[PDB]
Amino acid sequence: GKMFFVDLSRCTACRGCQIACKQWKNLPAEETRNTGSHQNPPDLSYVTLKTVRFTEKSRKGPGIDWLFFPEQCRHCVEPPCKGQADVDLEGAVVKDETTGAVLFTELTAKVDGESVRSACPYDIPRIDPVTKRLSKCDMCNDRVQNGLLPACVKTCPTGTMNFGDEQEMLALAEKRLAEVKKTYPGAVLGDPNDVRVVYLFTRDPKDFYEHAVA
């Protein structure tokens, strides 16, 4: 299988990833407004598979710790969401055995969408209020199968986004965690054994987002 290593100690919140995901899939733009933040869209939705979350945390002396979290489906090794969906119709959620990708098919209109989202420990799935389809990050599985990096990974300028074979990535994450600790000594890997999207957080994952970790 394949793994993302997401080094958030390198993120500039350029939102290249957010725009790239929509360009590759030709997704529509939400209606948004500023409600006191750079963050927009405020949330994942049917047509938004990745949003960069912004959090300001007070620190001693000048400036802040400004925490950026580009949110996507973690492509869990043992997907809760499938287990929930395989109760209404085994088929709506499958696992590509090549890539590791957890994929929502057209059959998700038949299952209880509401229920699949609640099963997700990362609150990832989103429902089309028309077609009742469940939508989320599909790992750009077409591109991966064709030996291309996912759009969000190729676009990232900082070296935050990394993709590859689960072995090389876990290797890289351990070696990167050691280096990053020298600057952010409270840095940790998010649920590195359960997921295919391993975030390096610079501190308490929960400071980046309520569902940053399970």
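Start at 1 with the first residue shown and count on from there.
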Per the entry, higher mean C-alpha B factor between 124 to 132 and 68 to 76 | 124 to 132
202 to 210 set against 14 to 22, stretch whose average Cα temperature factor tops the other in the entry = 202 to 210
In terms of its chain's C-alpha B-factors, the third that includes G159 is the lowest
Of the three thirds of its chain by CA temperature factor, lowest, middle or highest, which one includes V52?
-> lowest
Lowest, middle or highest third of the chain for the C-alpha temperature factor of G63?
-> middle
Among modelled residues of the same chain, the CA temperature factor third for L27 | lowest
Among all modelled residues of this chain, ranked by Cα B factor, put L170 in the bottom, middle or top third, i.e. lowest, middle or highest.
-> highest
